[PDB]
Amino acid sequence: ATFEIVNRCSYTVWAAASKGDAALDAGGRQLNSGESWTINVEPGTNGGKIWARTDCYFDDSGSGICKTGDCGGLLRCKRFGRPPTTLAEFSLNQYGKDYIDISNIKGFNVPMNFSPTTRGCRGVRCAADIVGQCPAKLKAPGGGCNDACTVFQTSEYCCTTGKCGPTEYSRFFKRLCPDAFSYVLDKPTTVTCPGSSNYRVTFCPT
């Protein structure tokens, strides 16, 4: 499957793509403002994620640091990124269908649209100014808006036992972005697409 990753932000981002135990495609790349990078994701990929990283520095070997979404200091991510990270999430060719969503469960750094480029389903978007509106206690000094699990490490926010409810913090993310997951047990906003659809992830769509 192809994923065109487009940076419409006025700032550089370093795109990242992983399924948690491996890179997807090269795993990461710099995207200056306006640049597009197309990756190939193997059919059947379960639990893939794409995200933006901000304020990165990498040496000539591809080792370094980012302020949001850092994946073990690598340009080419093999693991998931450090919160806060707005997440484009997908599982492809799952009993003949693809499933896509956006999640704020690991916080929010950069606004995102995640849409099919082929027929048969809708896209999802979280484009509101979550960083600007972020509750004081969730603001990450390194940049972005943390989720409450990251900040407070409670069973309720982290849904450790599988029985949590919405919270004042989750409701903030949900108010700003109704079509993204705001906590683990949120009413799903997952879209079913035809198996083997292709996609575009756009940072700063609006």
Side-chain angles (χ1 to χ4, degrees), residues 1-9 13-29 31 33-53 69 71 76-81 85-130 147 159 166 170 173-206:
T2 61
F3 289 68
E4 189 179 60
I5 306 172
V6 180
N7 182 19
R8 189 174 294 151
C9 307
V13 303
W14 288 255
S18 174
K19 65 179 188 73
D21 63 349
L24 305 176
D25 196 285
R29 210 202 78 173
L31 285 178
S33 175
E35 290 193 321
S36 304
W37 175 39
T38 302
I39 66 169
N40 287 280
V41 175
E42 190 175 22
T45 291
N46 188 48
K49 305 187 194 303
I50 290 163
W51 66 104
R53 301 171 288 173
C71 59
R76 291 180 163 90
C77 295
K78 48 177 74 182
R79 305 279 184 182
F80 294 140
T85 51
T86 321
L87 296 169
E89 304 186 310
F90 47 91
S91 294
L92 310 181
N93 312 282
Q94 302 300 125
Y95 302 103
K97 295 293 181 182
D98 292 357
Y99 293 92
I100 67 171
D101 69 77
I102 293 170
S103 175
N104 290 138
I105 292 167
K106 294 286 173 175
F108 177 105
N109 63 338
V110 174
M112 175 180 279
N113 180 276
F114 182 17
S115 288
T117 56
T118 53
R119 293 171 68 180
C121 55
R122 71 171 185 92
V124 287
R125 182 181 291 188
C126 177
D129 187 11
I130 282 175
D147 64 285
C159 216
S170 71
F173 289 96
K174 197 63 165 183
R175 177 173 63 85
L176 278 271
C177 285
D179 295 336
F181 284 83
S182 66
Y183 72 108
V184 169
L185 296 180
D186 206 351
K187 175 180 178 178
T189 46
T190 305
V191 173
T192 307
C193 289
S196 301
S197 296
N198 298 315
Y199 303 92
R200 177 175 292 111
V201 176
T202 306
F203 302 120
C204 302
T206 59

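Residues take their numbers from the sequence shown, with the count starting at 1.
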Exercise for the section: Walk me through it: do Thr192 and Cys121 pass the test side-chain contact (heavy atoms from CB on, under 4.5 Å)? Expected result: CA-CA 7 Å; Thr192 307; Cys121 55; over 6 Å; no

Practice task
Let me see the working for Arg53 and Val13 under side-chain contact (heavy atoms from CB on, under 4.5 Å), right down to the final yes or no.
Solution key: CA-CA 6 Å; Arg53 301 171 288 173; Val13 303; over 6 Å; no

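Shortest non-hydrogen contact noted between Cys177 and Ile130 is SG-CD1, 3.7 Å. For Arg175 against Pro178, the heavy-atom pair with the smallest separation is O-CD, 3.8 Å. Residues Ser197 and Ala1 approach most closely at O-CB, 3.6 Å, considering heavy atoms. Taking both residues in full, the closest heavy atoms of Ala128 and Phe108 are given as O-CZ, 3.6 Å, listed atom of the first, atom of the second, then distance. The shortest non-hydrogen separation linking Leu24 to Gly48 is CD1-CA, 4.2 Å. In this structure, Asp98 and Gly195 approach most closely via the heavy-atom pair OD1-CA, 3.3 Å.
Taking the side chain as every heavy atom from C-beta outward, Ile105 and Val184 approach each other to under 4.5 Å. Between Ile5 and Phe203, the closest side-chain pair of non-hydrogen atoms falls below 4.5 Å.
Listed for the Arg79 side chain is a donor-acceptor partner under 3.5 Å among the backbone atoms of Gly20. With hydrogens and angles ignored, the 3.5 Å screen pairs no side-chain donor or acceptor of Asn198 with any backbone N or O of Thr118.
In this view, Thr86 and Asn109 satisfy the side chain to side chain donor-acceptor pair (under 3.5 Å) rule, not counting sequence neighbours. In terms of the ring-ring contact (aromatic ring centres under 6.0 Å, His included) criterion, residue partners of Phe3 (sequence neighbours excluded) are, by chain and number, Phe90, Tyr199. Under the side-chain contact (heavy atoms from CB on, under 4.5 Å) criterion, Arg122 pairs with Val124, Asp179, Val191, not counting sequence neighbours. Applying the side chain to side chain donor-acceptor pair (under 3.5 Å) rule to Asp147 yields the partners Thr150; only residues at least two apart in sequence or on another chain are considered. With sequence neighbours excluded, no residue forms a side chain to side chain donor-acceptor pair (under 3.5 Å) with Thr202. Taking the side chain to side chain donor-acceptor pair (under 3.5 Å) definition, one finds that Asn93 meets it with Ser196, sequence neighbours left out. Checked against side-chain contact (heavy atoms from CB on, under 4.5 Å), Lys78 has the following partners two or more places apart in sequence or in another chain: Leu74. Under the side-chain contact (heavy atoms from CB on, under 4.5 Å) criterion, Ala88 pairs with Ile50, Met112, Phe114, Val201, sequence neighbours left out. The side-chain contact (heavy atoms from CB on, under 4.5 Å) check on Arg125 picks up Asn113, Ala127, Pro205, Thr206, with sequence neighbours excluded.
Atoms CH2 and CD, from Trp51 and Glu89 in turn, are 11.0 Å apart once rounded to the nearest 0.5 Å. The structure places OG of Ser103 at 7.0 Å from NZ of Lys49, a figure rounded to the nearest 0.5 Å. Atom CZ of residue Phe80 and atom OG of residue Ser18 lie 5.0 Å apart, to the nearest 0.5 angstrom. The structure places CZ of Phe181 at 13.0 Å from SG of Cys126, a figure rounded to the nearest 0.5 Å.
Residues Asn104 and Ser182 bring no donor and acceptor atom of their side chains to less than 3.5 Å of each other.
Identified under the salt bridge (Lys or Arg N to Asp or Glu O under 4.0 Å) test for residues 185-205, with sequence neighbours left out: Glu4-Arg200, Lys174-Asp186. Sequence neighbours left out, not one pair with a member in residues 101-120 passes salt bridge (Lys or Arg N to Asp or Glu O under 4.0 Å).
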May I have the list of side-chain donor-acceptor pairs in residues 35-44 shorter than 3.5 Å, sequence neighbours left out?
| from | atom 1 | to | atom 2 | distance (Å) |
| --- | --- | --- | --- | --- |
| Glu35 | OE1 | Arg29 | NH2 | 3.3 |
| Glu35 | OE1 | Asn32 | N | 2.9 |

